[PDB]
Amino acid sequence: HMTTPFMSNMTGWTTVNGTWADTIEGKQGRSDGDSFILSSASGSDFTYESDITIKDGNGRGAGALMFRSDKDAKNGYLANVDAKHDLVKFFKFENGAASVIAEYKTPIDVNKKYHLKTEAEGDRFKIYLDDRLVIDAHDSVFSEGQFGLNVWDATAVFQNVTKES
């Protein structure tokens, strides 16, 4: 029977762009720019988390959780680990244009598993890196939408991708 090594409680994964696959390590994405995959799962308030490992390829950029997204990932929130810029970023896309909401600055590495967790509750967003709170910010732009994953100028692997509402 069909099985995948990607572990998640979410289904319906639809590739927006980039190169996305399920490998023995998890769901891998790669692109030089931003690229996105969206689950059919949707929500408003939730805990959304994943293991994220940035690999050697492309520009050793970033891997991200995306949430409260529209169908083509043009509008939504992201929380990432960015090895190139050494930060955890909470940001939004509005009609395909990015703007930063909050950051935590820390050295971020390639070939190191990170655990990233977002708790989205109304207009408040708490982001944890390896179980430590690093961002606790407010933003009112988006209230609901799809869950997904992103990479920016990176190859990255996502494993144990889960949401709880």
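Throughout, we count residues from 1 along the sequence that is shown.
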| query | finding |
| --- | --- |
| Of 154-162 and 1-9, the one with larger mean CA B-factor | 1-9 |
| Candidate residues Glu121, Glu103, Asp56, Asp32, the one whose C-alpha B factor the record puts highest | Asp56 |
| Of the residues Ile127, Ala41, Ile52, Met66, the one carrying the largest Cα B-factor as recorded | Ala41 |
| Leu133 CA temperature factor, ranked by third within the chain | middle |
| Chain thirds of CA B-factor: placement of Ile37 | middle |
| CA B-factor placement of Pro107, once the chain's modelled residues are sorted into thirds | middle |
| Where the record places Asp72 (Cα B-factor, split into thirds across the chain) | highest |
| Record-listed C-alpha B factor of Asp86: chain third | middle |
